[PDB]
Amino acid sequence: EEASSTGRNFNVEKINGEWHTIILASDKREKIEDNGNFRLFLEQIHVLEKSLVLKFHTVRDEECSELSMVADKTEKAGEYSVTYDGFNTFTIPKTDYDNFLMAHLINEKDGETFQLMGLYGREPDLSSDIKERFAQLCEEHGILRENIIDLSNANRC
């Protein structure tokens, strides 16, 4: 089907369940690198009436730890907010529900802002074609390929 979170035909309900982080991209690469606070490996989304429960794991020297966050709907169509290392708002520009999900997040902290984009899959990896589509969307947002990190071979635990 394919829909947008800000789109009218969006069914947030259909994003419920298992996901995997496939690719992260950012305006500020350090945020997603080895020691970055936003290098998060999504495991599950639980869709509630006015919020999303997000379950992640993070990696630190092959040592995994769990992290959970609750994101609230804002007043903008298809947008959610969550406090984590600053204030974040995110939307879901594209998803087909049963295979991939593309997210766009804006973080604000200490007078600075950065953008993060993520490609998530129902399976541990996605086709190279979908990965290229993601790169194209990143380009549209001013994120170059040198700032796109494929984490598929690290999205284990």
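Numbering starts at 1 and follows the sequence shown.
*Asks:* Which is higher in the entry, the mean Cα B factor of 26 to 34 or that of 97 to 105?
*Replies:* According to the PDB entry, the answer is 26 to 34.
*Asks:* As stated in the PDB record, which stretch has the larger average Cα B-factor, 65 to 73 or 47 to 55?
*Replies:* Of 47 to 55 and 65 to 73, the stretch with the higher C-alpha B-factor average is 65 to 73.
*Asks:* For the CA B factor values reported in this entry, which option in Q136, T21, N11, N147 has the top one?
*Replies:* Checking the PDB record, the top C-alpha B-factor among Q136, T21, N11, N147 is at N11.
*Asks:* Looking at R122, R39, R60, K131, which one carries the largest C-alpha B-factor according to the PDB entry?
*Replies:* By C-alpha B-factor in the record, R60 ranks first.
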